[PDB]
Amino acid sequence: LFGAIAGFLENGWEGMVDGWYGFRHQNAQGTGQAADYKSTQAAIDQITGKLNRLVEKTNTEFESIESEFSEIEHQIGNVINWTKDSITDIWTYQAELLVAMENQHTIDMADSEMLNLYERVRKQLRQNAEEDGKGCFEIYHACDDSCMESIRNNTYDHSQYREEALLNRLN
């Protein structure tokens, strides 16, 4: 479990059908919402991988050992009932585990991609911002809508606004 999705973020946003992970900013120029293409697609490309893996099951040709329209001798019949059933039991255990285990990875995978986006912005914001407990960054220099485009863009040059922010954090 990574810290984020059932964690320090309160809840998901239903209002975001745009993609799986997204930004919401509140500056002087109103508020906006946009979804990060990079991070959802990391997750989506992994979920679709697990789907390819499950359906890639080339198999053996199996022939009939149980007569559907006639009896077979009791002794062999009971061996065939015992084996067939014992394979099903193995194969039912194998499925029930495949899924539990593929699901635990799937939530936790998606949970990580969130934190990776969180860290990705945190590190990029450098000294110009701080984190509250929820998934927010209080940005301590005045933010243009263009600069916000720039934080998602991964192009935000922290050193530009560094002195402005660094003062506001202190005064």
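In case it trips you up, residue 1 is the first one in the sequence shown, and so on.
- Stretches compared: 96 to 104, 83 to 91. Higher mean C-alpha B-factor in the entry: 96 to 104.
- Two stretches are in play, 109 to 117 and 28 to 36, and the higher mean C-alpha B-factor belongs to 28 to 36.
- Compared with the other modelled residues of the chain, the Cα B-factor recorded for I65 ranks in the lowest third.
- Looking at the C-alpha B-factors along this chain, the one for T48 belongs to the middle third.
- When the modelled residues of the chain are ordered by C-alpha B-factor, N128 sits in the lowest third.
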